[PDB]
Amino acid sequence: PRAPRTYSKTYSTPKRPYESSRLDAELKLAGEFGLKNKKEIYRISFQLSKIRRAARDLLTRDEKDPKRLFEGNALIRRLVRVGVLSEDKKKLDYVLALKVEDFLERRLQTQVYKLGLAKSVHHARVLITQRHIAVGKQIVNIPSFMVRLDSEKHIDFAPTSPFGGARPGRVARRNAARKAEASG
Amino acid sequence: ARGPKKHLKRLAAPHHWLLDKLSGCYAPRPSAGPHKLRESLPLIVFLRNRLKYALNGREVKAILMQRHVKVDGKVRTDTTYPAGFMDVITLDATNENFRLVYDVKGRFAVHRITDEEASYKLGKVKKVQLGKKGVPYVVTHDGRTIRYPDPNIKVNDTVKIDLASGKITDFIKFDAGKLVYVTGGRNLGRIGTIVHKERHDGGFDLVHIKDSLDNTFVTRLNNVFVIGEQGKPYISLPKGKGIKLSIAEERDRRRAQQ
Amino acid sequence: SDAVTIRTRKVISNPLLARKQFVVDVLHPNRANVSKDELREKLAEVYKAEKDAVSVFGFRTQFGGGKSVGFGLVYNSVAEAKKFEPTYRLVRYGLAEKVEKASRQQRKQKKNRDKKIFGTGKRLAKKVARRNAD
Amino acid sequence: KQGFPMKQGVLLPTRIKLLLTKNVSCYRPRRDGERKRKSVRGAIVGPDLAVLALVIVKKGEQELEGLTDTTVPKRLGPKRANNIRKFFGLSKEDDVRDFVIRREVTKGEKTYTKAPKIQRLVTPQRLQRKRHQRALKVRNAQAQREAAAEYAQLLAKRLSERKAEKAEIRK
RNA sequence: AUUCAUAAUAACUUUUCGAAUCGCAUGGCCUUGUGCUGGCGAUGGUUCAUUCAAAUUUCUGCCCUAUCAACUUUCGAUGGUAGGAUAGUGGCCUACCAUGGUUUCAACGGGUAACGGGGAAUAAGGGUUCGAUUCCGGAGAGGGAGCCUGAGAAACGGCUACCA
RNA sequence: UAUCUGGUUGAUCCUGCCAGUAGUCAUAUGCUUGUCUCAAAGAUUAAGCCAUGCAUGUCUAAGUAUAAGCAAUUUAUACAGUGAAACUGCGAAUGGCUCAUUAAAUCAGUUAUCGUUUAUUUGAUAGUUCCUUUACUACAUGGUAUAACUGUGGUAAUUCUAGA
């Protein structure tokens, strides 16, 4: 038969599931970033854990080791390209300093909210999932879509959406028909 | 298994064919031929996966059966004919021309060739012997059998074979300084110069090689292929003249070519 | 389609099958999609060939509409196209007709039934008829 | 009864099993090398039979209609050249391309005689192949002989050059 | 490294092979005849070589059990020599002979809810458990044996017998 | 991300296990159920038993075709195309399934064939084919059979087959 299609999990549920401090902290993140489940928090924390593990390995590696330089350069480059890290904090230890709120801040939800297209983060998520936002020029409706540090210049309303200059939607169009019929 | 094997599955196939892992379950099992089942590029993969001149096994069979493809000097129609290291694949219909050769990563390059160099090939004799009626003869790594070779030739020297008629044209002897092309192991695709050999009794022979960057390495003799004198090959070389860059150097070159 | 401006990339020529093959994309803003006929006629006129001589397939409409990408294959003659394309694609293009082979199970049943008969069986048919009458 | 054929050679009036093999009657091997345990009745005639197959080795003095009285043709005429030759009693030089049986066949009103092809027929193509074989073999022999001569001269020159090298040695 | 490659002598062989095959193309030469020569191939064929293999084989490594301590040697056990046999090494088998071989560094025997590996899960480090299963290698077609064809089979979507 | 917590006591410090917690390309099951991608799936007990239907056949220009087949010899009186059937050559010994048997067995890494066989592919490679030794040889090519087919049959029945 066929070669196996590989797959893996993207999150790690916590040990000690019921620390009241962690539950309160993660709900604060969920409320202020408009997340749907704790799964998102777990995924970002799993992601941050993976990056921090790699960065710790490479930071205890000897200086100007070929492996350290190559791997560290790649790690920081994708970090700054996604924009989670910042070019002033170019050194490797700043990755250890990173927190889950930083990745959440670069999620598509919050970038739409920060660019002002959204009334709030929850209004932002509704807008994203209803195919009204677009990056580059293409409709994207994954709220977790990471935005590179160059695509903020392209995030705005989708050309197919009524908020992007397209056809006047469905319910407005239906209500317009009703108004014309009632005036007819 | 109570007979010869007649199938190959993509995970079993050698990696240096760069076959993808999710396009069907089976792989083209290179039919018996002049080269090993490994270290041999079938025409099916060569045309479809490297040149992209045909998208299907069906289309590749069409190419082969209209005889636009001829390997070395002879027209071949075996869809999985095992073209090997030094094989010259002609493609006269498009007036293309290639010689198989390894890039420095260890994969058969798409190295195009000119006709004055497609008319001939190199061969590292794997043994010298006496045939019947007292005829001394040699066989190359390609299985090509050449009678009455030059008596100064020994094993593992290099023959220059004409595709018009397989015959001794000249030979390069295996000693220090000769340019070598490492065919296999962890240094597959490397090019360098011999500095000296070990000559293990009974054990595998070993030769130490240093190249133009002085990135010396060591490789078994069953794995080397002398192809000319210092910095002057008997063929053209693929991209980069067999130099291997570090991972850092490769990233730099990609960034500089961006 | 409005502002198709069909673009063709990687246009490598193969004299082996005597055609030009390229990765084709079509931009169709404000329209759902473009079809085989509308793609083939435009490709035919831009490549200086008959409508049948050019073949296109593998069109995946990219998310949000707007554009799709398929694979284009323009032959050097109608005869070349007839010889080289698969019969499914020809009948797809409408040039050819669907082969009337029976289903696999009925077809395989025929093989195994005729496998039980050695030779023509004309003598056997006569003998079976004589015995059945008897 | 039950239709078991009476095998030739088996000397008993009963039904017996045999591991019937190729080139033997009563059984046709479906796969090469195959052997099957069939049942065959003996060659000794007995009451068990339902039919007896008889062929007349000398005709009586009165006629049977389904017999000597009437005849059927040899359905096919000879197809090999020499078999045509023996059938017509021909000599060495007699032609066969015109003694082939032009057996008639009429597809509706379309009549024609599709006569058998002739095998082993002397034809210039075969002579061309034979002469080509002769030239091929003699060419190979000549080429092999001349190449052996060249290497012999080369090895002789190698001997001379080594002798000159030893002359350079030894002062 | 060889009694190797290969060559040379004397014979033997119930004798293998060395082409009575096939398609296209039909060109040259004249002493013009169905004359002599001719191309591109396909198929086939001995030996060598290659390739795909195959069979043996060196070394090292395997879970639990002493409530298994001695085991193997009738009629193969360890080995010698000679022969059969094998495609071929070999107690593989036969014949004569010697009395050896393994073991507390766990032989031998029993259990395995045991196909082996690449690997999987989970771990600071060490590790613990799992791997029937997509790849590799084994073994089987209900049990067991025997065997035809072939290059390749103990073949089972092949035969033979017994068993169920 | 090298972490512990509840339980023996009136109360304490311990050994100590029970319980908790988290993971499982780890099984089953309960409740519940919108979408996309991907996707395992009669291994576990029974390598227990199997109805039925399929799963190995195959032809080009290039082995043999007078089907009493099809269209035409618009190329032909030996064949000329195409083609059923059939003989012939290959293949059916790969794949697919399962893990029952097997604890130095398999398998893993590593070896050797100076110890053997190998269809096929690849490359070479038969003046001695007069050999009983120049007609055993007709060499512009030798001989024999038998399928396919026709016709008579037998058996309730088989992918049975006899006689001519």
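For chain D, we keep the numbers from Swiss-Prot: what you see runs 58-228, in order.
Note: Cβ is positioned from N, Cα and C throughout, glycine not excepted.
Candidates D:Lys64, D:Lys174, D:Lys214 were compared with Swiss-Prot; the annotation ubiquitin cross-link appears at D:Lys214. If you compare D:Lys131, D:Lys171, D:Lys223 in Swiss-Prot, the ubiquitin cross-link annotation sits on D:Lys131.
Of the listed residues (D:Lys74, D:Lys115, D:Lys143, D:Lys149), Swiss-Prot tags D:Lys149 with ubiquitin cross-link; the rest carry no such note in the record, though that does not show they lack it.
Taking D:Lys116, D:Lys194 one by one, Swiss-Prot attaches ubiquitin cross-link to D:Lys116. In sequence order, D:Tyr169 make up the list of same-chain residues 6 or more apart from D:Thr163 (phosphothreonine) whose Cβ falls under 8 Å from its Cβ. Separation of the C-alpha atoms of D:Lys131 (ubiquitin cross-link) and D:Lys116 (ubiquitin cross-link): 20 Å, rounded to the nearest whole number. Counting only the Cα atoms, the space from D:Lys149 (ubiquitin cross-link) to D:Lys214 (ubiquitin cross-link) is about 60 angstrom. Proximity to chain B, defined as a CB-CB distance below 8 A, holds for none of the recorded positions D:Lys116, D:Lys131, D:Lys149, D:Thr163, D:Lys214. Within 10 Å of the C-beta of D:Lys214 (ubiquitin cross-link) we count 10 further C-beta atoms, all protein chains included. DSSP gives D:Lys214 (ubiquitin cross-link) a helix state. Cα-Cα distance from D:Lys116 (ubiquitin cross-link) to D:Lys214 (ubiquitin cross-link): 89 Å (rounded to the nearest whole number).
Around the Cβ of D:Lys149 (ubiquitin cross-link), the number of neighbouring Cβ atoms within 10 Å comes to 5.
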